[PDB]
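The chain below stands alone and is given in C-alpha cells; this is the form deposited without the partner chain.
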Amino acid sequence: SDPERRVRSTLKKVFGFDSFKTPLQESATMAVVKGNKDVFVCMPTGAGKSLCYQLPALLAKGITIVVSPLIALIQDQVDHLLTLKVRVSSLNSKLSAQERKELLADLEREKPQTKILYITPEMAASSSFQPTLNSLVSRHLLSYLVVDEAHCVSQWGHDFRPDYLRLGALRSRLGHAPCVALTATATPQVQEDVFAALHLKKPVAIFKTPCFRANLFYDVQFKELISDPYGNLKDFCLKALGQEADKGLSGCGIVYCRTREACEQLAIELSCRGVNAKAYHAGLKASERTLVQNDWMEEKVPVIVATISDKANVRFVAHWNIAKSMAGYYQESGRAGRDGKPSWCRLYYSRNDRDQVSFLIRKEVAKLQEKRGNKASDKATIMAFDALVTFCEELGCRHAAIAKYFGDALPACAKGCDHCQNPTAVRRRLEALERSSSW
C-alpha cells in the first residue's frame, strides 16, 4: 500500500518485529526508503542500525551493496539474515576461487537474485571487482550504497582503514543510488570526516541519538580530598540503592576499576563496610565468573566490582578509576538507569590515577609504533583520554561536557549534576584539590 504499510509489513513478516526500537530508528528507516537523500545514521552499538538499511533494501527493486570492515561481524550479519531466509551473499577474502566465480556469475546475470551484498572495503576497491561493479553501475541495478562502520574513514575514529577513503569515488560514480552511512562513533570530527570522505550529497539527512539522559545524576569526586575512600563509596552505593526509603535495598549497581587487585580489595572493603559486593575480573575461573554474574542479574548480590563487562535497574555506576576515554566513560556510566528511574553516575578522580592511565596509554601507543611505525591516528587515543580529564577538572555542567564531546546541543540539566546542583561547592572542591599539591 502506502510507504508506512509496506514498511510495517516487512518489519513484521521478514524481521519479526511489531515496531521499531525507537522513533529515531523508524524515522531513519523511512528516510532511506524514500530514496531522495544521502543519510547518516549515528546510534549506539546495539540500537539496531542494521535494520535501517536492511529493511529498505528489501523494499527496493535493485541490489544493496553494504561495505563492512571485518568478515567476522559480516558473517554474523549474513548468518542472521539467512535465519530470516534473506537472500544475502558476502564477497570477501575467505571465499574460494570458484566461490567468487559463482557470485560474480550471479551479479553479471540479467536480473540477479542477490538482493543484499556484503563486501569488505578492499574487495569493493579491488581492481578485480571494478568490471563487475561498472556493469552494475551502467546497467542501473544499484538501489543503495551502504557504508557501515563509517567512522573507519577517519584518523579520529579509533579504527582508521585506508580502503575506506576509496569509497568516496565509488559513491560519486552513483548519483543514481542514495548512500547510507552508519556508525556509533558520535564525535563531530568523525561526522565531518564521513561526509567529506564518502562524498555525501548535501543536505545529509541526519538521524543521531541524543546523548543527554536527564535521569542520570553525574558527579566527580577527588580522591585527594576524601578522608574515608571506602566509606565514601559504601555510602554512595547505599544511598543509590534506596537506603533512606527504609523499604530494603532496591536495584543494583556497578563499581568499575582498572586492576584485578583493586577489584578484589574494593569488594572486600565494601562488604566489610556494609554493602554486599563481589569482584568480577579475568583472573577468575570462568566458573566463579558466571556465578557472580548470575548473582548480580538475579539480585542476590546488589553490587558488582568489575574490571571488564543489560540490566534495567542499575541505580548507580561508580568509576573508582578514571576511564581510558570519554567514549568509554559515557558507555560504561550509561549502563545506569535504563529503566528511566533516577540513577547516579560518579567518577572518583585523582591526579595520580590520571597520570598512571596517561602513562599506560602512551606505553600502548609506543608498542604500536614499534610494530608498524608512526601513524597520524595515534594522537586520537591521547585526545580521547584528555577529554575525560578535562571533564573531571573543569567547572561546569557534567551533562554539557558530555554533550560537547558528541556535538550535541546544551542539555537542560535541572540540578542533574554536582555542578548544576551547587556550583560553589564544586568550585571549592577544585580549589582544595589545587591546595593539596601546594606549599
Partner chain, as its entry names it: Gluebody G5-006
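Positions refer to the first chain, counted from 1.
Only in words, not in the display: the form deposited with the partner chain bound, which the text now covers.
Put simply, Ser27 is close to the partner chain in the deposited bound form: some heavy atom of it is within 4.5 Å. Interface membership of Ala376, defined by any non-hydrogen atom within 4.5 Å of the partner chain in the deposited bound form, is ruled out. Interface membership of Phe160, defined by any non-hydrogen atom within 4.5 Å of the partner chain in the deposited bound form, is ruled out. At the 4.5 Å threshold, heavy atoms of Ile361 stay clear of the partner chain in the deposited bound form, well away from it.
Only one segment in the set 257 to 265, 293 to 301, 205 to 213, 274 to 282 has residues whose heavy atoms sit within 4.5 Å of the partner chain in the deposited bound form; it is 205 to 213. For the options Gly48, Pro69, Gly407, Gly62, the one in contact with the partner chain in the deposited bound form, meaning a heavy atom within 4.5 Å, is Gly407. Site annotation in the deposited bound form: the residue of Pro342, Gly242, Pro188, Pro131 reaching within 4.5 Å of the partner chain with a heavy atom is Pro188. Rigid-body motion between this form and the one not shown puts a hinge in the chain; from the set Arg273, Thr209, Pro188, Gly283, that hinge position is held by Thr209.
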